[PDB]
Number of protein chains: 4
Amino acid sequence: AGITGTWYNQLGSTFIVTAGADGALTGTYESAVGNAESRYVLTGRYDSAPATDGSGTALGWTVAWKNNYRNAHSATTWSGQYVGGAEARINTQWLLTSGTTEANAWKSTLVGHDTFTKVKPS
Amino acid sequence: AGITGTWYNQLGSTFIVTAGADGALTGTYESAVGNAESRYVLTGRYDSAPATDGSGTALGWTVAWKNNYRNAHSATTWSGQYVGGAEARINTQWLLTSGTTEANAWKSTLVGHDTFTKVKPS
Amino acid sequence: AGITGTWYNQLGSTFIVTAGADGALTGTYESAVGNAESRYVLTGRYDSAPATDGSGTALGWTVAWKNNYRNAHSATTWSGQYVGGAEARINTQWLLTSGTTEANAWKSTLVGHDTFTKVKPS
Amino acid sequence: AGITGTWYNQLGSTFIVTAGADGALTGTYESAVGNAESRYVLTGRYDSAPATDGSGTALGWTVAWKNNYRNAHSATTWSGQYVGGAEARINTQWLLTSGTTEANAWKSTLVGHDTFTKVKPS
């Protein structure tokens, strides 16, 4: 239940997600903090029966960077865990793969990390 | 879709996926070929209008490792691209995050790569 | 050299490095509290003539986790860039590979990130 | 020592390394099939007392992509393990960080993998 809702990364990106009872993640990712042409479908999965020993809840999701307005020919996956409580966060690593020719495939995939919180960053 | 169908990685895993018209990926991932207790839901996204310059098709998907037989409290995301043709492949990089305590979060995420082909490996 | 000297990550590790004139990094990495038994040799390379247009200085280094007190049969590489100024930092992503059997090689490599600053975290 | 010597990746890059008695890696990396302009210093570390249970030998090294001829303002770290025997290999994953502005730091780091063998590929 703690996953469903709006999350903000450290750079101002926004995503809104619904965590389904059986493990589905569905929602929208906005690469800005207020822009229509910047909204993309996201889908993912999470552990719907996490451990109760204080461990985080494992999850992942994907955004393909095509919407009705733009197509970057690329897709980002986020892999991480949800941690609940007063300082709730989703801590993630991500991979962003661009469609490339075979010659350029070696440089097709960027890697980074995002920390999502329930409140916007300053 | 050249994407819709069954794919095998180089280690004995398989997945079956349907690529929807507007960019959905839906299917099942089987970590051990010939073992239905190792089948898990997969969901993801792909570029439904890739570039016309011979570039690959960017995609990503997630598997949370919970089914009726197992809960590993973990999730893997695969990020990559599909290349069509006689030697069709999905070339990926993946991130496997386990739910952990805060103290153990530094070692929560494994990284690797998978190459999927339409035919089983050796 | 803005790189030469002592750096602290976000979690209580320290390293001291000398940046040589032509691009060598040499020094010691201490994973712990100020625990001498957690000190390890580090070696790496950096760009000794970075672009002077506000770009960071690319660098990388390796620690093999063997010293006189410990052998974890593993090694971490950090890849990142140095950013100078009042809020100087070395922003990195790392890969930690453990020696494994072939059967376990798929889970041999952890991935994460470290931000190093010239002052200790709170 | 089985690490010392010449290794070839899957794409026609070459490196020559000396594994020192107490864990040093020193050598040269050539990204091409031949050419002094494409040769760069490498330095790293390896586990000089690996397990004897059939496990690989953990290692890592860095190449900063500056030599007397070229400067790409970037550096690659390889993290992996050496496996000896009739099919000796060094199995790695790598991170390539480019110096960037702060605005572009999110896309500073590429990730991939290399498999090195003692004999050239195709």
# chains A, B, ... in the order shown; residues from 1 in each chain; ligands from 1

call {"tool": "closest_atom_pairs", "arguments": {"of": "range 6-116 of chain C", "to": "range 83-87 of chain D", "cutoff": "12 Å", "atoms": "only C-alpha atoms", "output": "JSON lines"}}
result
{"residue": "C:99", "atom": "CA", "partner": "D:83", "partner_atom": "CA", "distance": 9.1}
{"residue": "C:100", "atom": "CA", "partner": "D:83", "partner_atom": "CA", "distance": 9.4}
{"residue": "C:101", "atom": "CA", "partner": "D:83", "partner_atom": "CA", "distance": 9.1}
{"residue": "C:102", "atom": "CA", "partner": "D:83", "partner_atom": "CA", "distance": 8.8}
{"residue": "C:105", "atom": "CA", "partner": "D:83", "partner_atom": "CA", "distance": 10.7}

call {"tool": "calpha_fit_and_write", "arguments": {"fixed": "chain A", "moving": "chain D", "output": "JSON list (two decimals) with N, CA and C atoms, in the first residue's frame"}}
result
[["chain", "number", "residue", "atom", "x", "y", "z"],
["D", 1, "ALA", "N", -1.19, 0.18, 1.16],
["D", 1, "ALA", "CA", 0.07, -0.13, 0.50],
["D", 1, "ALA", "C", 0.87, 1.15, 0.27],
["D", 2, "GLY", "N", 2.13, 1.14, 0.70],
["D", 2, "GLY", "CA", 2.92, 2.35, 0.75],
["D", 2, "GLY", "C", 3.55, 2.74, -0.58],
["D", 3, "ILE", "N", 3.51, 1.84, -1.55],
["D", 3, "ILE", "CA", 4.12, 2.14, -2.85],
["D", 3, "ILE", "C", 3.19, 3.01, -3.70],
["D", 4, "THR", "N", 1.90, 2.72, -3.66],
["D", 4, "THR", "CA", 0.93, 3.43, -4.49],
["D", 4, "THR", "C", 0.96, 4.93, -4.22],
["D", 5, "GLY", "N", 1.03, 5.73, -5.28],
["D", 5, "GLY", "CA", 1.05, 7.18, -5.12],
["D", 5, "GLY", "C", 2.14, 7.87, -5.93],
["D", 6, "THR", "N", 2.47, 9.08, -5.51],
["D", 6, "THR", "CA", 3.40, 9.93, -6.26],
["D", 6, "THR", "C", 4.77, 9.93, -5.62],
["D", 7, "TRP", "N", 5.80, 9.81, -6.46],
["D", 7, "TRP", "CA", 7.18, 9.81, -6.01],
["D", 7, "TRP", "C", 8.01, 10.80, -6.82],
["D", 8, "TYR", "N", 9.02, 11.39, -6.19],
["D", 8, "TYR", "CA", 9.85, 12.42, -6.83],
["D", 8, "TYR", "C", 11.31, 12.02, -6.77],
["D", 9, "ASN", "N", 12.04, 12.12, -7.87],
["D", 9, "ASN", "CA", 13.45, 11.81, -7.76],
["D", 9, "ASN", "C", 14.21, 13.07, -7.36],
["D", 10, "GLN", "N", 15.52, 12.95, -7.33],
["D", 10, "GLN", "CA", 16.39, 13.98, -6.80],
["D", 10, "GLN", "C", 16.52, 15.16, -7.77],
["D", 11, "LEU", "N", 16.02, 14.99, -8.99],
["D", 11, "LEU", "CA", 16.28, 15.95, -10.06],
["D", 11, "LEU", "C", 15.05, 16.64, -10.63],
["D", 12, "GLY", "N", 13.88, 16.36, -10.08],
["D", 12, "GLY", "CA", 12.66, 17.00, -10.56],
["D", 12, "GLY", "C", 11.82, 16.16, -11.52],
["D", 13, "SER", "N", 12.06, 14.85, -11.54],
["D", 13, "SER", "CA", 11.17, 13.95, -12.26],
["D", 13, "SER", "C", 10.13, 13.44, -11.31],
["D", 14, "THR", "N", 9.01, 12.99, -11.86],
["D", 14, "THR", "CA", 7.87, 12.59, -11.04],
["D", 14, "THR", "C", 7.28, 11.31, -11.57],
["D", 15, "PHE", "N", 6.94, 10.38, -10.70],
["D", 15, "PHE", "CA", 6.08, 9.33, -11.21],
["D", 15, "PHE", "C", 4.99, 8.95, -10.26],
["D", 16, "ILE", "N", 3.90, 8.53, -10.87],
["D", 16, "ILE", "CA", 2.72, 8.14, -10.15],
["D", 16, "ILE", "C", 2.49, 6.69, -10.46],
["D", 17, "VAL", "N", 2.32, 5.88, -9.43],
["D", 17, "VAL", "CA", 2.22, 4.45, -9.64],
["D", 17, "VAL", "C", 1.09, 3.88, -8.82],
["D", 18, "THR", "N", 0.46, 2.83, -9.34],
["D", 18, "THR", "CA", -0.48, 2.03, -8.57],
["D", 18, "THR", "C", 0.11, 0.64, -8.38],
["D", 19, "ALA", "N", 0.21, 0.21, -7.12],
["D", 19, "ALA", "CA", 0.69, -1.13, -6.82],
["D", 19, "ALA", "C", -0.52, -2.04, -6.67],
["D", 20, "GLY", "N", -0.71, -2.91, -7.66],
["D", 20, "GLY", "CA", -1.81, -3.87, -7.65],
["D", 20, "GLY", "C", -1.61, -4.96, -6.61],
["D", 21, "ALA", "N", -2.71, -5.61, -6.24],
["D", 21, "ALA", "CA", -2.71, -6.56, -5.13],
["D", 21, "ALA", "C", -1.71, -7.70, -5.29],
["D", 22, "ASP", "N", -1.53, -8.19, -6.51],
["D", 22, "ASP", "CA", -0.64, -9.33, -6.69],
["D", 22, "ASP", "C", 0.67, -9.02, -7.41],
["D", 23, "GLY", "N", 1.10, -7.77, -7.35],
["D", 23, "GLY", "CA", 2.46, -7.46, -7.76],
["D", 23, "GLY", "C", 2.62, -6.57, -8.98],
["D", 24, "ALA", "N", 1.52, -6.11, -9.56],
["D", 24, "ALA", "CA", 1.63, -5.21, -10.71],
["D", 24, "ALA", "C", 1.99, -3.78, -10.29],
["D", 25, "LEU", "N", 2.83, -3.15, -11.10],
["D", 25, "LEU", "CA", 3.05, -1.71, -11.06],
["D", 25, "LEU", "C", 2.58, -1.10, -12.36],
["D", 26, "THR", "N", 1.73, -0.09, -12.27],
["D", 26, "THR", "CA", 1.22, 0.61, -13.44],
["D", 26, "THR", "C", 1.17, 2.10, -13.12],
["D", 27, "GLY", "N", 1.50, 2.94, -14.10],
["D", 27, "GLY", "CA", 1.47, 4.36, -13.84],
["D", 27, "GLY", "C", 2.06, 5.18, -14.96],
["D", 28, "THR", "N", 2.51, 6.38, -14.60],
["D", 28, "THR", "CA", 3.05, 7.32, -15.56],
["D", 28, "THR", "C", 4.31, 7.96, -14.99],
["D", 29, "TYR", "N", 5.27, 8.21, -15.86],
["D", 29, "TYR", "CA", 6.51, 8.83, -15.47],
["D", 29, "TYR", "C", 6.60, 10.15, -16.21],
["D", 30, "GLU", "N", 6.87, 11.22, -15.48],
["D", 30, "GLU", "CA", 7.08, 12.52, -16.11],
["D", 30, "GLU", "C", 8.50, 13.01, -15.80],
["D", 31, "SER", "N", 9.31, 13.13, -16.85],
["D", 31, "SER", "CA", 10.72, 13.47, -16.66],
["D", 31, "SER", "C", 10.89, 14.95, -16.30],
["D", 32, "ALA", "N", 9.83, 15.73, -16.48],
["D", 32, "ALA", "CA", 9.88, 17.17, -16.21],
["D", 32, "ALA", "C", 9.17, 17.57, -14.91],
["D", 33, "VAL", "N", 9.11, 18.88, -14.67],
["D", 33, "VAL", "CA", 8.39, 19.40, -13.52],
["D", 33, "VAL", "C", 6.91, 19.49, -13.84],
["D", 34, "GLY", "N", 6.60, 19.54, -15.14],
["D", 34, "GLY", "CA", 5.24, 19.56, -15.62],
["D", 34, "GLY", "C", 5.22, 19.60, -17.14],
["D", 35, "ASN", "N", 4.28, 18.88, -17.76],
["D", 35, "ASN", "CA", 4.17, 18.88, -19.22],
["D", 35, "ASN", "C", 3.74, 17.53, -19.81],
["D", 36, "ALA", "N", 2.57, 17.51, -20.44],
["D", 36, "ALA", "CA", 2.03, 16.29, -21.03],
["D", 36, "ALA", "C", 2.99, 15.64, -22.03],
["D", 37, "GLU", "N", 3.76, 16.46, -22.74],
["D", 37, "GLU", "CA", 4.70, 15.93, -23.71],
["D", 37, "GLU", "C", 5.81, 15.14, -23.02],
["D", 38, "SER", "N", 5.95, 15.31, -21.70],
["D", 38, "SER", "CA", 7.02, 14.63, -20.99],
["D", 38, "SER", "C", 6.51, 13.47, -20.14],
["D", 39, "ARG", "N", 5.26, 13.07, -20.35],
["D", 39, "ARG", "CA", 4.71, 11.95, -19.59],
["D", 39, "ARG", "C", 4.62, 10.66, -20.40],
["D", 40, "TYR", "N", 5.04, 9.57, -19.76],
["D", 40, "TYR", "CA", 5.21, 8.28, -20.43],
["D", 40, "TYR", "C", 4.63, 7.16, -19.58],
["D", 41, "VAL", "N", 4.10, 6.13, -20.25],
["D", 41, "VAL", "CA", 3.60, 4.95, -19.56],
["D", 41, "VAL", "C", 4.72, 4.22, -18.83],
["D", 42, "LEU", "N", 4.44, 3.76, -17.62],
["D", 42, "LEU", "CA", 5.36, 2.87, -16.93],
["D", 42, "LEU", "C", 4.63, 1.60, -16.52],
["D", 43, "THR", "N", 5.35, 0.49, -16.57],
["D", 43, "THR", "CA", 4.81, -0.75, -16.05],
["D", 43, "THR", "C", 5.92, -1.54, -15.39],
["D", 44, "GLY", "N", 5.58, -2.27, -14.34],
["D", 44, "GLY", "CA", 6.58, -3.05, -13.63],
["D", 44, "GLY", "C", 5.97, -4.09, -12.71],
["D", 45, "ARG", "N", 6.80, -4.59, -11.81],
["D", 45, "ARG", "CA", 6.40, -5.62, -10.84],
["D", 45, "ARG", "C", 7.03, -5.31, -9.49],
["D", 46, "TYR", "N", 6.38, -5.74, -8.42],
["D", 46, "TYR", "CA", 6.99, -5.63, -7.10],
["D", 46, "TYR", "C", 6.65, -6.88, -6.31],
["D", 47, "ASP", "N", 7.44, -7.14, -5.27],
["D", 47, "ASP", "CA", 7.19, -8.22, -4.31],
["D", 47, "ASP", "C", 5.96, -7.88, -3.47],
["D", 48, "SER", "N", 4.84, -8.56, -3.71],
["D", 48, "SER", "CA", 3.60, -8.23, -3.00],
["D", 48, "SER", "C", 3.51, -8.89, -1.62],
["D", 49, "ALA", "N", 4.52, -9.66, -1.24],
["D", 49, "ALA", "CA", 4.59, -10.19, 0.13],
["D", 49, "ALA", "C", 6.01, -10.09, 0.70],
["D", 50, "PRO", "N", 6.47, -8.85, 0.94],
["D", 50, "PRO", "CA", 7.86, -8.70, 1.39],
["D", 50, "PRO", "C", 8.10, -9.27, 2.78],
["D", 51, "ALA", "N", 9.38, -9.44, 3.11],
["D", 51, "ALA", "CA", 9.79, -9.88, 4.44],
["D", 51, "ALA", "C", 9.37, -8.84, 5.48],
["D", 52, "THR", "N", 9.20, -9.26, 6.73],
["D", 52, "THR", "CA", 8.73, -8.36, 7.77],
["D", 52, "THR", "C", 9.84, -8.09, 8.79],
["D", 53, "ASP", "N", 11.08, -8.31, 8.36],
["D", 53, "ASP", "CA", 12.23, -8.17, 9.24],
["D", 53, "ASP", "C", 12.87, -6.79, 9.15],
["D", 54, "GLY", "N", 12.20, -5.86, 8.48],
["D", 54, "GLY", "CA", 12.74, -4.53, 8.28],
["D", 54, "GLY", "C", 13.40, -4.38, 6.91],
["D", 55, "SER", "N", 13.36, -5.45, 6.13],
["D", 55, "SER", "CA", 13.90, -5.43, 4.78],
["D", 55, "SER", "C", 13.01, -4.62, 3.85],
["D", 56, "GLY", "N", 13.63, -4.07, 2.81],
["D", 56, "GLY", "CA", 12.89, -3.34, 1.80],
["D", 56, "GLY", "C", 12.07, -4.26, 0.92],
["D", 57, "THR", "N", 11.26, -3.65, 0.05],
["D", 57, "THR", "CA", 10.39, -4.39, -0.85],
["D", 57, "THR", "C", 10.94, -4.28, -2.26],
["D", 58, "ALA", "N", 11.38, -5.39, -2.83],
["D", 58, "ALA", "CA", 12.02, -5.36, -4.14],
["D", 58, "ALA", "C", 11.01, -5.02, -5.24],
["D", 59, "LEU", "N", 11.46, -4.24, -6.22],
["D", 59, "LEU", "CA", 10.60, -3.85, -7.34],
["D", 59, "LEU", "C", 11.40, -3.45, -8.56],
["D", 60, "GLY", "N", 10.71, -3.28, -9.68],
["D", 60, "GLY", "CA", 11.35, -2.76, -10.87],
["D", 60, "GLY", "C", 10.27, -2.24, -11.80],
["D", 61, "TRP", "N", 10.62, -1.31, -12.69],
["D", 61, "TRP", "CA", 9.69, -0.90, -13.73],
["D", 61, "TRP", "C", 10.45, -0.42, -14.96],
["D", 62, "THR", "N", 9.72, -0.33, -16.07],
["D", 62, "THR", "CA", 10.26, 0.14, -17.32],
["D", 62, "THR", "C", 9.47, 1.32, -17.87],
["D", 63, "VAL", "N", 10.19, 2.26, -18.46],
["D", 63, "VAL", "CA", 9.59, 3.30, -19.28],
["D", 63, "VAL", "C", 10.24, 3.26, -20.65],
["D", 64, "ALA", "N", 9.46, 3.02, -21.70],
["D", 64, "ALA", "CA", 9.95, 3.24, -23.05],
["D", 64, "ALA", "C", 9.66, 4.70, -23.40],
["D", 65, "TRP", "N", 10.65, 5.42, -23.92],
["D", 65, "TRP", "CA", 10.54, 6.87, -24.06],
["D", 65, "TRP", "C", 9.87, 7.26, -25.39],
["D", 66, "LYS", "N", 8.71, 6.66, -25.63],
["D", 66, "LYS", "CA", 7.83, 7.04, -26.72],
["D", 66, "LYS", "C", 6.47, 7.41, -26.14],
["D", 67, "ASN", "N", 5.95, 8.58, -26.48],
["D", 67, "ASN", "CA", 4.55, 8.88, -26.19],
["D", 67, "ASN", "C", 3.92, 9.47, -27.44],
["D", 68, "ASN", "N", 2.76, 10.11, -27.30],
["D", 68, "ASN", "CA", 2.07, 10.62, -28.47],
["D", 68, "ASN", "C", 2.79, 11.80, -29.12],
["D", 69, "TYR", "N", 3.80, 12.32, -28.43],
["D", 69, "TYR", "CA", 4.47, 13.56, -28.83],
["D", 69, "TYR", "C", 5.95, 13.40, -29.22],
["D", 70, "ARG", "N", 6.63, 12.44, -28.61],
["D", 70, "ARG", "CA", 8.08, 12.30, -28.74],
["D", 70, "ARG", "C", 8.47, 10.82, -28.82],
["D", 71, "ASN", "N", 9.58, 10.51, -29.47],
["D", 71, "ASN", "CA", 10.13, 9.15, -29.42],
["D", 71, "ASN", "C", 11.65, 9.23, -29.39],
["D", 72, "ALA", "N", 12.23, 8.94, -28.24],
["D", 72, "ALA", "CA", 13.69, 8.97, -28.08],
["D", 72, "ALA", "C", 14.36, 7.66, -28.51],
["D", 73, "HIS", "N", 13.56, 6.66, -28.90],
["D", 73, "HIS", "CA", 14.08, 5.36, -29.31],
["D", 73, "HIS", "C", 14.99, 4.76, -28.24],
["D", 74, "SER", "N", 14.46, 4.70, -27.02],
["D", 74, "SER", "CA", 15.25, 4.29, -25.87],
["D", 74, "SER", "C", 14.29, 3.88, -24.77],
["D", 75, "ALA", "N", 14.81, 3.19, -23.76],
["D", 75, "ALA", "CA", 13.96, 2.73, -22.66],
["D", 75, "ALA", "C", 14.81, 2.63, -21.42],
["D", 76, "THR", "N", 14.24, 3.00, -20.28],
["D", 76, "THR", "CA", 14.95, 2.94, -19.00],
["D", 76, "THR", "C", 14.28, 1.92, -18.10],
["D", 77, "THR", "N", 15.07, 1.07, -17.45],
["D", 77, "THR", "CA", 14.55, 0.22, -16.38],
["D", 77, "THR", "C", 15.14, 0.68, -15.07],
["D", 78, "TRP", "N", 14.28, 0.76, -14.06],
["D", 78, "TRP", "CA", 14.71, 1.02, -12.70],
["D", 78, "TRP", "C", 14.57, -0.26, -11.89],
["D", 79, "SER", "N", 15.61, -0.58, -11.12],
["D", 79, "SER", "CA", 15.63, -1.74, -10.26],
["D", 79, "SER", "C", 15.96, -1.28, -8.86],
["D", 80, "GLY", "N", 15.14, -1.65, -7.87],
["D", 80, "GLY", "CA", 15.43, -1.20, -6.52],
["D", 80, "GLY", "C", 14.53, -1.77, -5.45],
["D", 81, "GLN", "N", 14.43, -1.04, -4.35],
["D", 81, "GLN", "CA", 13.55, -1.45, -3.27],
["D", 81, "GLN", "C", 12.89, -0.25, -2.62],
["D", 82, "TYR", "N", 11.68, -0.50, -2.16],
["D", 82, "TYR", "CA", 10.88, 0.46, -1.41],
["D", 82, "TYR", "C", 11.13, 0.27, 0.08],
["D", 83, "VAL", "N", 11.32, 1.37, 0.79],
["D", 83, "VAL", "CA", 11.47, 1.35, 2.24],
["D", 83, "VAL", "C", 10.41, 2.30, 2.80],
["D", 84, "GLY", "N", 9.57, 1.81, 3.70],
["D", 84, "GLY", "CA", 8.46, 2.59, 4.21],
["D", 84, "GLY", "C", 8.89, 3.47, 5.38],
["D", 85, "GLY", "N", 7.92, 4.07, 6.07],
["D", 85, "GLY", "CA", 8.22, 4.81, 7.29],
["D", 85, "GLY", "C", 8.24, 6.31, 7.11],
["D", 86, "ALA", "N", 8.77, 7.01, 8.12],
["D", 86, "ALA", "CA", 8.77, 8.47, 8.15],
["D", 86, "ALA", "C", 9.68, 9.07, 7.09],
["D", 87, "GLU", "N", 10.68, 8.31, 6.68],
["D", 87, "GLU", "CA", 11.52, 8.72, 5.57],
["D", 87, "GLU", "C", 11.43, 7.68, 4.45],
["D", 88, "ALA", "N", 10.21, 7.45, 3.99],
["D", 88, "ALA", "CA", 9.95, 6.47, 2.93],
["D", 88, "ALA", "C", 10.76, 6.81, 1.69],
["D", 89, "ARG", "N", 11.26, 5.78, 1.02],
["D", 89, "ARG", "CA", 12.03, 6.03, -0.19],
["D", 89, "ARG", "C", 11.91, 4.84, -1.12],
["D", 90, "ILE", "N", 12.16, 5.10, -2.40],
["D", 90, "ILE", "CA", 12.42, 4.01, -3.33],
["D", 90, "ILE", "C", 13.83, 4.25, -3.84],
["D", 91, "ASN", "N", 14.73, 3.35, -3.46],
["D", 91, "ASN", "CA", 16.13, 3.45, -3.82],
["D", 91, "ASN", "C", 16.38, 2.61, -5.05],
["D", 92, "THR", "N", 16.87, 3.22, -6.13],
["D", 92, "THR", "CA", 17.02, 2.48, -7.38],
["D", 92, "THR", "C", 18.36, 2.65, -8.07],
["D", 93, "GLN", "N", 18.65, 1.70, -8.94],
["D", 93, "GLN", "CA", 19.67, 1.89, -9.95],
["D", 93, "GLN", "C", 18.98, 1.71, -11.30],
["D", 94, "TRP", "N", 19.45, 2.40, -12.34],
["D", 94, "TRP", "CA", 18.75, 2.25, -13.61],
["D", 94, "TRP", "C", 19.67, 1.95, -14.77],
["D", 95, "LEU", "N", 19.07, 1.41, -15.83],
["D", 95, "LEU", "CA", 19.76, 1.16, -17.08],
["D", 95, "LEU", "C", 18.95, 1.80, -18.20],
["D", 96, "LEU", "N", 19.60, 2.63, -19.01],
["D", 96, "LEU", "CA", 18.92, 3.28, -20.13],
["D", 96, "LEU", "C", 19.53, 2.77, -21.43],
["D", 97, "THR", "N", 18.78, 1.97, -22.17],
["D", 97, "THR", "CA", 19.28, 1.45, -23.44],
["D", 97, "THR", "C", 18.65, 2.21, -24.59],
["D", 98, "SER", "N", 19.50, 2.67, -25.50],
["D", 98, "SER", "CA", 19.08, 3.32, -26.73],
["D", 98, "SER", "C", 19.16, 2.33, -27.89],
["D", 99, "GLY", "N", 18.18, 2.37, -28.80],
["D", 99, "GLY", "CA", 18.32, 1.59, -30.01],
["D", 99, "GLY", "C", 19.53, 2.11, -30.75],
["D", 100, "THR", "N", 20.41, 1.21, -31.19],
["D", 100, "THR", "CA", 21.61, 1.58, -31.94],
["D", 100, "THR", "C", 21.85, 0.63, -33.11],
["D", 101, "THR", "N", 22.76, 1.01, -34.00],
["D", 101, "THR", "CA", 23.27, 0.05, -34.98],
["D", 101, "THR", "C", 24.12, -0.97, -34.26],
["D", 102, "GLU", "N", 24.41, -2.09, -34.92],
["D", 102, "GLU", "CA", 25.26, -3.08, -34.30],
["D", 102, "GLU", "C", 26.64, -2.49, -33.99],
["D", 103, "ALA", "N", 27.15, -1.62, -34.86],
["D", 103, "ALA", "CA", 28.48, -1.04, -34.64],
["D", 103, "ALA", "C", 28.54, -0.18, -33.38],
["D", 104, "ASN", "N", 27.40, 0.39, -33.01],
["D", 104, "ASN", "CA", 27.32, 1.28, -31.87],
["D", 104, "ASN", "C", 26.72, 0.62, -30.62],
["D", 105, "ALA", "N", 26.48, -0.68, -30.68],
["D", 105, "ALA", "CA", 25.80, -1.35, -29.57],
["D", 105, "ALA", "C", 26.63, -1.30, -28.29],
["D", 106, "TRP", "N", 27.95, -1.28, -28.42],
["D", 106, "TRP", "CA", 28.82, -1.23, -27.25],
["D", 106, "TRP", "C", 28.55, 0.02, -26.41],
["D", 107, "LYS", "N", 28.04, 1.09, -27.02],
["D", 107, "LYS", "CA", 27.73, 2.30, -26.25],
["D", 107, "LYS", "C", 26.22, 2.55, -26.17],
["D", 108, "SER", "N", 25.45, 1.47, -26.15],
["D", 108, "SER", "CA", 23.99, 1.58, -26.15],
["D", 108, "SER", "C", 23.38, 1.83, -24.78],
["D", 109, "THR", "N", 24.10, 1.51, -23.70],
["D", 109, "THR", "CA", 23.46, 1.47, -22.39],
["D", 109, "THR", "C", 24.14, 2.32, -21.32],
["D", 110, "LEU", "N", 23.41, 3.31, -20.82],
["D", 110, "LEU", "CA", 23.86, 4.13, -19.70],
["D", 110, "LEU", "C", 23.39, 3.54, -18.38],
["D", 111, "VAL", "N", 24.13, 3.81, -17.31],
["D", 111, "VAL", "CA", 23.74, 3.34, -15.99],
["D", 111, "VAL", "C", 23.76, 4.52, -15.02],
["D", 112, "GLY", "N", 22.83, 4.52, -14.08],
["D", 112, "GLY", "CA", 22.83, 5.53, -13.05],
["D", 112, "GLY", "C", 21.99, 5.11, -11.86],
["D", 113, "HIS", "N", 21.63, 6.07, -11.03],
["D", 113, "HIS", "CA", 20.82, 5.76, -9.85],
["D", 113, "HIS", "C", 19.85, 6.90, -9.57],
["D", 114, "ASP", "N", 18.71, 6.55, -8.98],
["D", 114, "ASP", "CA", 17.70, 7.54, -8.60],
["D", 114, "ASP", "C", 17.24, 7.21, -7.20],
["D", 115, "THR", "N", 17.05, 8.23, -6.38],
["D", 115, "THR", "CA", 16.38, 8.06, -5.10],
["D", 115, "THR", "C", 15.07, 8.81, -5.15],
["D", 116, "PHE", "N", 13.98, 8.09, -4.92],
["D", 116, "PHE", "CA", 12.65, 8.68, -4.95],
["D", 116, "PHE", "C", 12.13, 8.88, -3.54],
["D", 117, "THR", "N", 11.52, 10.03, -3.30],
["D", 117, "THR", "CA", 10.92, 10.33, -2.01],
["D", 117, "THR", "C", 9.50, 10.81, -2.21],
["D", 118, "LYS", "N", 8.72, 10.85, -1.14],
["D", 118, "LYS", "CA", 7.34, 11.27, -1.25],
["D", 118, "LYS", "C", 7.22, 12.79, -1.25],
["D", 119, "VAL", "N", 8.29, 13.48, -0.88],
["D", 119, "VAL", "CA", 8.26, 14.94, -0.97],
["D", 119, "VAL", "C", 9.31, 15.42, -1.96],
["D", 120, "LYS", "N", 9.00, 16.50, -2.68],
["D", 120, "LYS", "CA", 9.94, 17.07, -3.65],
["D", 120, "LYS", "C", 11.27, 17.48, -3.00],
["D", 121, "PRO", "N", 12.36, 17.40, -3.77],
["D", 121, "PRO", "CA", 13.64, 17.95, -3.31],
["D", 121, "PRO", "C", 13.74, 19.45, -3.61],
["D", 122, "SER", "N", 14.84, 20.08, -3.22],
["D", 122, "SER", "CA", 15.06, 21.49, -3.52],
["D", 122, "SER", "C", 14.07, 21.99, -4.57]]

call {"tool": "select_by_dssp", "arguments": {"residues": "chain A", "states": "strand (DSSP E)", "output": "number ranges by chain"}}
result
A: 5-8, 14-19, 24-30, 39-46, 57-66, 71-83, 89-98, 109-117

call {"tool": "select_by_dssp", "arguments": {"residues": "chain B", "states": "helix (DSSP H, G or I)", "output": "PyMOL selection string"}}
result
chain B and resi 36-38+105-107

call {"tool": "write_last_selection", "arguments": {"atoms": "N, CA and C atoms", "output": "PDB file, in the first residue's frame"}}
result
ATOM      1  N   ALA B  36       7.900 -25.704 -14.428  1.00  0.00           N
ATOM      2  CA  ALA B  36       6.800 -24.753 -14.310  1.00  0.00           C
ATOM      3  C   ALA B  36       6.766 -24.031 -12.963  1.00  0.00           C
ATOM      4  N   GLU B  37       7.439 -24.577 -11.952  1.00  0.00           N
ATOM      5  CA  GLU B  37       7.457 -23.921 -10.651  1.00  0.00           C
ATOM      6  C   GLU B  37       8.425 -22.732 -10.667  1.00  0.00           C
ATOM      7  N   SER B  38       9.162 -22.586 -11.763  1.00  0.00           N
ATOM      8  CA  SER B  38      10.064 -21.452 -11.913  1.00  0.00           C
ATOM      9  C   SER B  38       9.514 -20.438 -12.920  1.00  0.00           C
ATOM     10  N   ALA B 105      21.957  -2.652   2.373  1.00  0.00           N
ATOM     11  CA  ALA B 105      21.500  -2.121   1.098  1.00  0.00           C
ATOM     12  C   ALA B 105      22.654  -1.939   0.108  1.00  0.00           C
ATOM     13  N   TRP B 106      23.857  -1.677   0.611  1.00  0.00           N
ATOM     14  CA  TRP B 106      25.012  -1.525  -0.269  1.00  0.00           C
ATOM     15  C   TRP B 106      25.250  -2.774  -1.135  1.00  0.00           C
ATOM     16  N   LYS B 107      24.875  -3.966  -0.657  1.00  0.00           N
ATOM     17  CA  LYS B 107      25.039  -5.185  -1.466  1.00  0.00           C
ATOM     18  C   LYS B 107      23.696  -5.766  -1.927  1.00  0.00           C
TER      19      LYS B 107
END
